[PDB]
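Asks: The structure's right below; bear with me while I get my questions together.
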Amino acid sequence: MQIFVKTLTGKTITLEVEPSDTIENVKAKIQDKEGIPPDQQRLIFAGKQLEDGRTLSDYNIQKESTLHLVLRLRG
């Protein structure tokens, strides 16, 4: 299943994920693809920051659903 991750500059990337994948799994895929360490990633869906330990299925993220990535410095 592919999902979309959009950033604030508008670059959208595409990931292959499983509904059972955790949010930290997804952040690790973003690291693998784009070099950004997971602790610098905020992922947002339905206006909510996604919690590392829960799954895409927990948030009802479907095929071709879009997430929002906001980079952050650790604080």
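In the structure tokens, the first chain shown is A, the next is B, and so on; residue numbers restart at 1 for each chain, and ligands run from 1 in the order shown.
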Enumerate as number ranges by chain all residues of chain A assigned to helix (DSSP H, G or I) by DSSP on the backbone, naming them with the chain letters and numbers the document uses.
Replies: A: 23-34, 38-40, 57-59
Asks: For the structure I just gave you, how does DSSP split segment 5-68 of chain A - specifically, which residues are strand (DSSP E)? Reply as JSON, numbers by chain.
Replies: {"A": [5, 6, 12, 13, 14, 15, 16, 41, 42, 43, 44, 45, 48, 49, 66, 67, 68]}
Asks: Can you check which parts of segment 1-41 of chain A lie within 8 Å of segment 48-63 of chain A? Per residue, the shortest pair of atoms and distance in Å to one decimal, counting only C-alpha atoms, sorted by chain and number, as CSV.
Replies:
```
residue,atom,partner,partner_atom,distance
A:1,CA,A:63,CA,5.4
A:2,CA,A:63,CA,5.7
A:3,CA,A:63,CA,6.0
A:18,CA,A:56,CA,7.6
A:19,CA,A:57,CA,4.6
A:20,CA,A:55,CA,5.5
A:21,CA,A:55,CA,5.3
A:22,CA,A:55,CA,4.0
A:23,CA,A:52,CA,4.6
A:24,CA,A:52,CA,4.8
```
Asks: So which residues touch residue 47 of chain A within 10 Å, counting only C-alpha atoms, skipping near sequence neighbours fewer than 4 positions away, as JSON, numbers by chain?
Replies: {"A": [43, 67, 68]}
Asks: Mind pulling up the distance from atom CA of residue 64 of chain A to atom CA of residue 37 of chain A?
Replies: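 These atoms are spaced 23.9 Å apart.
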Asks: Using only C-alpha atoms, pick whichever of A:70, A:45, A:15, A:5 has the shortest atom-to-atom distance to residue 32 of chain A.
Replies: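 Checking each candidate against residue 32 of chain A, we get A:15 as the closest.
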Asks: Atom CA of residue 12 of chain A and atom CA of residue 72 of chain A, how far apart in Å?
Replies: 17.5 Å
Asks: For the atom pair atom CA of residue 25 of chain A and atom CA of residue 41 of chain A, what is the interatomic distance in Å to one decimal place?
Replies: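 Computing it gives 12.2 Å between the two atoms.
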Asks: Given only C-alpha atoms as the basis, pick out the residue of A:46, A:34, A:73, A:65 nearest to residue 11 of chain A.
Replies: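 Under the stated criterion, the closest residue is A:34.
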